[PDB]
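Engineer: Structure below; questions to follow.
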Number of protein chains: 6
Amino acid sequence: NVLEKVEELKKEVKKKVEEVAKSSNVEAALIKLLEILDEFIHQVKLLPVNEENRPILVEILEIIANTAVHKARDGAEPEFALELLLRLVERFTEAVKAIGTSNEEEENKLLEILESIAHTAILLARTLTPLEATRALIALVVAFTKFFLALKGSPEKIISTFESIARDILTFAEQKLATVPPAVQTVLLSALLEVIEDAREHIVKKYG
Amino acid sequence: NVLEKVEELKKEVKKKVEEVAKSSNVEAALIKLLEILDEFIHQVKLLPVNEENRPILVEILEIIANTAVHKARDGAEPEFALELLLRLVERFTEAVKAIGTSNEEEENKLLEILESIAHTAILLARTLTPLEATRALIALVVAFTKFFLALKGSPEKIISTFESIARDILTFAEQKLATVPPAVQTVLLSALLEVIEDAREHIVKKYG
Amino acid sequence: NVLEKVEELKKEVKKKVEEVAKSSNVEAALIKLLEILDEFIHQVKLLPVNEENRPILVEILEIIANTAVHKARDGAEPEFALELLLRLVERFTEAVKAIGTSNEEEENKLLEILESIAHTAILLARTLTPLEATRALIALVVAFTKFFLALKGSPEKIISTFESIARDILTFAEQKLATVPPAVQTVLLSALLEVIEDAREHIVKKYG
Amino acid sequence: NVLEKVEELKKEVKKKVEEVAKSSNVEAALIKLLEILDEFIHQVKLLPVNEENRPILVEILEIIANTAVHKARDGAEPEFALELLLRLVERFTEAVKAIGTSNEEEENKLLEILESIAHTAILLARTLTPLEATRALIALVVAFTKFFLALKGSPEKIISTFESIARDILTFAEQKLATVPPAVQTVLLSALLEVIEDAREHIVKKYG
Amino acid sequence: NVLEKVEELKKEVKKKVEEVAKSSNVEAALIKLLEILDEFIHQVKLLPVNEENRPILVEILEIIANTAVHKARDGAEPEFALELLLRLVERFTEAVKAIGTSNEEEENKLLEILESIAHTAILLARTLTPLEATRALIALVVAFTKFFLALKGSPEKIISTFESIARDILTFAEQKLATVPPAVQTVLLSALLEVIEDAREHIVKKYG
Amino acid sequence: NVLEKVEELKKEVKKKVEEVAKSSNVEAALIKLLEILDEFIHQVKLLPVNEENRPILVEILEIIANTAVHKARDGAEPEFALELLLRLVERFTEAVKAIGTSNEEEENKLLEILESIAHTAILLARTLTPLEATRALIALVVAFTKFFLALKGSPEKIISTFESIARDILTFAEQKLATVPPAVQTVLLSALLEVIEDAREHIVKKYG
Ligand SMILES: [Zn+2]
Ligand SMILES: [Zn+2]
Ligand SMILES: [Zn+2]
Ligand SMILES: [Zn+2]
Ligand SMILES: [Zn+2]
Ligand SMILES: [Zn+2]
Ligand SMILES: [Zn+2]
Ligand SMILES: [Zn+2]
Ligand SMILES: [Zn+2]
Ligand SMILES: [Zn+2]
């Protein structure tokens with residue numbers, strides 16, 4: 001029945017994740033993990049989703065997310081890993097949209113996955129030029145805004161998590177922009193604040 | 001009569017604007033608003049325009065402009081979205097040429113639409129390389145010069161609005177170029193000043 | 001007996017190789033070498049092949065291959081030389097299929113022929129556009145997969161040689177794609193990894 | 001037998017190394033040693049490797065490594081030399097992987113080769129801007145993590161060597177980051193500590 | 001006798017060179033000099049060549065070469081001029097093959113002609129994209145290798161001239177590739193060194 | 001005969017040097033002297049060199065070197081002048097290699113030319129940032145090491161002059177790094193000492 005198919009999906013994804021994790025040259029691992037996530041999104045979309053099978057799908061997604069985040073963090077050219085992480089975020093948004101919503105614990109798992117992704121991406125952007133870091137950060141914030149719009153759940157947790165992510169983004173911006181003349185500080189900081197305020201305004205209107 | 005068809009146009013444009021605004025992936029949204037603006041320009045050009053139906057057309061255009069500006073601001077690759085903004089500016093110039101001129105309140109609405117477009121485009125250009133920023137800004141100034149050439153109204157409002165826009169452009173250039181060696185400062189700043197001066201000179205010749 | 005005909009083939013191929021090697025305008029040299037390889041393959045297919053005459057045929061093939069590789073390396077338009085290399089490796093596959101398999105030393109000679117061909121083709125593709133380089137490399141790896149499937153021998157040597165060739169291709173691709181925006185990196189890399197993984201899977205299955 | 005082929009390889013590599021070492025313009029020399037190392041790894045992969053021929057292969061590798069390190073140190077543009085050293089590290093990692101493991105003395109030779117490579121790379125990066133230097137150092141430590149994963153041997157030697165190498169990296173980072181505002185100190189240093197801790201965690205988990 | 005025909009050829013070539021040199025639009029001038037060189041080659045091949053008439057033929061060739069080089073340098077699209085220069089080099093190679101060899105002074109004249117051609121072509125390629133410059137220089141090196149193989153004379157002058165040309169090409173490449181990321185320099189520079197080394201190996205073996 | 005051609009070269013180089021010296025905008029002057037030195041190198045290489053014509057070639061080189069050094073000292077952007085001086089050093093190294101060796105007086109002239117070049121380079125680098133000054137000095141000492149390897153003569157003069165140049169460079173470094181925190185003093189100074197010690201070691205090995 002549903003249990004058998006879900007467990008078969010579990011096993012297949014588990015073997016593929018192990019195999020890709022074992023490998024070297026993390027960029028190829030990232031591409032393979034993205035393709036695995038895509039085929040998994042397709043298989044989930046085909047199968048009928050109910051409240052019974054949600055936890056297993058969520059933990060499969062968590063396994064994929066942890067493996068991909070660790071592989072990306074394992075060291076590579078920062079810009080490449082940044083775009084790979086953005087595509088991962090978009091695919092994960094599609095995944096959570098397809099999954100649906102359930103008991104709060106799975107939402108907590110998804111939120112902590114999101115937060116680990118944010119931390120890893122900030123850590124990777126830590127070593128770029130100020131302008132490139134600004135571009136990566138604003139695009140990444142837009143991606144999180146799209147995700148938070150897609151997610152369904154109790155507003156308080158979503159708002160608090162988004163505000164916390166915003167605080168980390170702003171703190172890193174203040175850290176990094178210190179090595180430029182303050183005119184560039186004004187420029188980039190104003191851009192980042194405006195985009196993050198726009199994201200906040202949408203999330204507030206949507207979840208108000 | 002005229003009221004019926006104008007209100008029908010209002011309704012269709014409103015529904016299309018809502019539908020496209022709801023959507024994600026803002027670039028396709030800008031494409032859709034461009035096509036809607038084109039077909040609306042066509043429909044208005046076809047219909048006989050009188051003083052009675054002008055305010056409704058003006059507010060329809062204002063709805064279109066606010067939706068497009070907000071969508072462009074909502075985050076994307078700056079260069080693509082800014083080129084879309086330039087195309088929107090050209091189509092808006094065609095639209096205002098088609099509409100004609102009337103009581104001052106509309107003209108104020110069009111001027112603040114222009115202002116929102118300019119601020120949003122400067123905001124988009126805030127996070128580019130200095131050379132690409134200068135290209136975008138000079139093209140933008142050319143587009144606004146064309147628009148101000150097209151518009152008809154009281155001289156004081158047009159001249160003051162153009163001088164204001166020029167001041168924002170100059171201030172943004174002064175902010176952004178500060179991150180380069182002063183020779184490039186001289187080069188790019190001289191180019192921007194000369195093109196903005198040419199724009200001022202035309203507006204003065206034609207519209208004084 | 002067999003010695004007489006084999007040595008006559010040796011002498012004729014030697015003279016033709018000398019004459020073609022002496023000439024300039026390398027493209028006609030590769031064309032003539034391809035025609036020589038075709039007449040040689042027909043002659044070998046006609047003659048009965050046993051373990052006694054194998055080494056002489058193998059060294060004749062090695063002479064032809066070294067001459068062709070050196071002439072191709074001697075400088076020409078890269079894309080034309082890549083086409084000639086593809087035809088050459090196809091005819092070489094047919095040749096090794098016709099020859100049969102024997103003591104390990106001849107297999108080592110054939111493998112190092114293949115590896116020299118790979119190095120020369122990578123060296124030639126070194127100086128093209130990224131997309132054209134991707135096309136050349138993907139066609140090349142398809143040809144190598146066909147060869148490795150065709151060859152018979154101890155699995156360990158073939159698997160190790162294929163892995164080394166794959167790593168060479170990957171290193172060159174990582175070098176070359178550095179001059180493009182990382183989205184193109186993602187695209188072209190993902191294509192290359194996927195085709196190389198398909199080749200690896202087949203060779204592993206059929207040599208398993 | 002095996003001795004004859006191994007000694008022939010010894011002689012050929014020796015002559016090529018002498019000829020390239022005699023030459024000027026160290027960048028071409030580094031390219032030539034890279035190609036020599038590639039052909040040597042190919043030849044070794046082809047030949048059957050046993051305990052008898054391991055010391056000669058190891059000392060050939062040591063000759064190649066000393067020549068390459070000395071040539072890189074002999075003066076050039078630092079950043080190009082850094083990427084050349086990274087490519088050499090990757091190729092020599094594949095070389096030790098192909099060689100296999102044996103009596104401890106050869107492992108000592110490989111470890112001191114690695115350590116001299118690290119010292120040379122640190123010395124070359126000594127004269128770069130802080131951000132670049134950080135990028136070069138993190139990429140280099142990722143390469144060393146890959147190597148230390150690849151090598152097999154006694155745990156204590158590998159763990160101690162990696163810890164010492166990490167300490168040299170950290171000491172250089174501390175010395176170099178002194179010429180920046182402390183915010184950039186925080187940023188870059190935190191990135192370096194995090195990546196080095198990731199390397200340590202893998203080595204400990206996999207190899208402990 | 002021979003003197004009469006040689007002087008008539010001198011006069012005809014002189015008049016045609018004057019007329020083509022007077023004209024503007026340098027590309028048609030280059031085409032005209034190419035056709036003049038071809039017809040002069042045919043005429044020389046028809047006439048019997050002895051030691052008596054060699055200097056006059058050599059100075060006619062020098063006149064043609066100086067006129068063509070000056071016209072090519074006089075400004076045009078770089079790629080078109082490079083193509084024309086390669087065709088000119090091939091035709092002049094055929095010409096010197098037809099002429100034969102003689103007293104050292106004429107060989108010095110031919111060598112300085114080749115040096116001027118190399119300088120002009122390098123100066124023209126000075127203003128191209130790095131990849132296109134690499135293609136132009138590799139084609140140039142192939143053409144010079146063909147010429148140096150064709151020429152007969154004392155080995156020392158040929159070897160020294162080839163080494164000097166190689167050093168000029170290397171210096172220019174070291175200038176040009178400095179504007180690209182170091183991976184691109186690795187790639188293109190490795191290609192250039194490898195092709196120049198192949199050219200050196202041939203000229204050394206052939207002419208040693 | 002030899003005197004005639006050598007004196008013609010003398011006159012031509014003299015006129016070109018005077019003409020370029022008269023001109024302002026010293027950067028174009030350095031470019032012109034570089035091209036003159038290149039063509040002079042070619043012309044000398046073509047001509048047969050003997051002990052009879054050596055002094056005239058040496059004094060021509062001295063004229064060119066004094067003119068170039070004076071023009072470089074005459075004021076320009078320091079970094080551009082530094083790169084031009086390095087290229088001049090490489091070209092003059094090629095020139096002296098072409099010239100050969102002779103009576104001690106010409107060697108003294110060449111050595112004093114070298115020393116004046118070094119003094120001018122230090123004087124120009126006197127007004128740069130500490131890191132840029134370090135890069136200029138390291139590249140420059142590498143170039144002088146290459147030259148000293150190239151030159152042939154009595155060991156005592158070469159060793160003494162190199163030691164004196166090392167003392168000059170070291171004294172200038174102790175001057176320049178005085179305005180930095182002592183950690184940067186340690187870093188850059190250690191780099192300089194290590195590089196200059198490696199240069200000394202080579203010189204001792206080759207010339208001992
Ligand atoms: Zn899919
Ligand atoms: Zn990790
Ligand atoms: Zn339309
Ligand atoms: Zn918005
Ligand atoms: Zn060759
Ligand atoms: Zn290889
Ligand atoms: Zn050294
Ligand atoms: Zn001219
Ligand atoms: Zn030259
Ligand atoms: Zn002066």
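Numbering starts fresh at 1 for the residues of each chain in the structure tokens, the chains themselves are lettered A, B, ... in the order given, and ligands are numbered from 1 as they appear.
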Which residues are near segment 45-60 of chain D? Cut-off 7 Å, only C-alpha atoms, ignore same chain within fewer than 2 positions. Put them as JSON, numbers by chain.
Structural biologist: {"C": [157], "D": [10, 41, 42, 43, 62, 63, 64, 98, 106]}
Engineer: Could the residues that lie within 8 Å of ligand 5, counting only C-alpha atoms and all ligand atoms, be listed as a PyMOL selection string?
Structural biologist: (chain C and resi 70-71+73-75) or (chain E and resi 198-199+201-202)
Engineer: At a cut-off of 12 Å and counting only C-alpha atoms and all ligand atoms, what residues surround ligand 9? Please answer as a compact mmCIF listing (two decimals) with C-alpha atoms, in the first residue's frame.
Structural biologist:
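Saved file pocket.txt follows:
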```
# COMPACT_ATOMS: atom_id res chain seq x y z
CA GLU E 112 64.33 40.52 -41.31
CA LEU E 114 59.93 37.55 -41.50
CA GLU E 115 60.76 39.46 -38.31
CA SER E 116 58.87 42.53 -39.54
CA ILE E 117 55.91 40.32 -40.47
CA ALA E 118 55.92 38.80 -36.98
CA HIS E 119 56.11 42.22 -35.31
CA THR E 120 53.29 43.62 -37.45
CA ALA E 121 51.06 40.62 -36.81
CA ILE E 122 51.71 40.75 -33.06
CA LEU E 123 50.94 44.47 -33.08
CA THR E 161 65.77 33.87 -35.22
CA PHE E 162 63.20 31.24 -34.27
CA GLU E 163 64.12 31.53 -30.59
CA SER E 164 63.82 35.32 -30.77
CA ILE E 165 60.40 35.11 -32.43
CA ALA E 166 59.29 32.61 -29.78
CA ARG E 167 60.45 34.95 -27.02
CA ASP E 168 58.56 37.87 -28.57
CA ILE E 169 55.39 35.77 -28.76
CA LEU E 170 55.83 34.64 -25.16
CA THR E 171 56.34 38.20 -23.91
CA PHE E 172 53.24 39.41 -25.75
CA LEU F 34 61.46 49.16 -25.69
CA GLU F 35 60.64 48.70 -29.38
CA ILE F 36 64.03 50.14 -30.39
CA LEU F 37 65.80 47.76 -28.01
CA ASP F 38 63.84 44.83 -29.42
CA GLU F 39 64.69 45.63 -33.04
CA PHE F 40 68.31 46.28 -32.06
CA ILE F 41 68.42 42.85 -30.41
CA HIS F 42 67.11 41.30 -33.62
CA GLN F 43 69.66 43.17 -35.74
CA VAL F 44 72.55 42.17 -33.48
CA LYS F 45 71.38 38.55 -33.52
CA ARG F 91 64.95 42.89 -22.81
CA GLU F 94 68.25 39.17 -23.70
CA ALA F 95 70.54 41.76 -25.29
```
Engineer: Could you work out how far atom CA of residue 5 of chain F lies from atom CA of residue 99 of chain E, giving the answer in Å with one decimal?
Structural biologist: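 Taking atom CA of residue 99 of chain E as the start and atom CA of residue 5 of chain F as the end point, the length is 26.0 Å.
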Engineer: Working over all C-alpha atoms in order, superimpose chain B onto chain F by least squares and state the RMSD in Å.
Structural biologist: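 The C-alpha RMSD comes to 0.1 Å.
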Engineer: Using only C-alpha atoms, find which residues of chain C lie within 8 Å of chain E and jot them down as a ChimeraX atom specification.
Structural biologist: /C:24,74-76,123,126-128,175-176,178-179
Engineer: Taking only C-alpha atoms and all ligand atoms into account, which of D:203, D:208, D:26, D:130 comes nearest ligand 2?
Structural biologist: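 Closest to ligand 2, using only C-alpha atoms and all ligand atoms: D:203.
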Engineer: With only C-alpha atoms as the counted atoms, please give the residues lying no more than 12 Å from residue 28 of chain C, apart from itself and same-chain residues fewer than 4 positions off, as a PDB file with C-alpha atoms, in the first residue's frame.
Structural biologist:
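Writing the result to out31.pdb gives the following:
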```pdb
ATOM      1  CA  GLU C  19      55.510   9.568 -47.339  1.00  0.00           C
ATOM      2  CA  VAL C  20      52.425  11.056 -45.675  1.00  0.00           C
ATOM      3  CA  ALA C  21      54.453  12.184 -42.645  1.00  0.00           C
ATOM      4  CA  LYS C  22      56.976  13.999 -44.841  1.00  0.00           C
ATOM      5  CA  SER C  23      54.270  16.127 -46.478  1.00  0.00           C
ATOM      6  CA  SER C  24      52.995  19.448 -45.103  1.00  0.00           C
ATOM      7  CA  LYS C  32      45.501   9.950 -46.210  1.00  0.00           C
ATOM      8  CA  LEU C  33      46.218   8.256 -42.878  1.00  0.00           C
ATOM      9  CA  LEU C  34      42.506   7.521 -42.485  1.00  0.00           C
ATOM     10  CA  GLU C  35      42.425   5.968 -45.959  1.00  0.00           C
ATOM     11  CA  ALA C  68      48.382  10.422 -36.877  1.00  0.00           C
ATOM     12  CA  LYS C  71      50.411  15.126 -37.347  1.00  0.00           C
ATOM     13  CA  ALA C  72      47.153  16.240 -35.720  1.00  0.00           C
ATOM     14  CA  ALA C  76      45.571  23.067 -37.680  1.00  0.00           C
ATOM     15  CA  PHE C  80      38.453  20.155 -38.176  1.00  0.00           C
ATOM     16  CA  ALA C  81      41.198  18.255 -36.355  1.00  0.00           C
ATOM     17  CA  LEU C  84      39.418  13.913 -37.893  1.00  0.00           C
TER      18      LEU C  84
END
```
Engineer: Give me every helix (DSSP H, G or I) residue in segment 22-142 of chain E, going by DSSP on the backbone, as a VMD selection string.
Structural biologist: chain E and resid 22 26 to 46 54 to 73 78 to 99 104 to 125 130 to 142
Engineer: Show which residues sit within 10 Å of residue 154 of chain E, as a PyMOL selection string. Count only C-alpha atoms, and ignore same-chain residues fewer than 6 positions away.
Structural biologist: chain E and resi 104+107+207
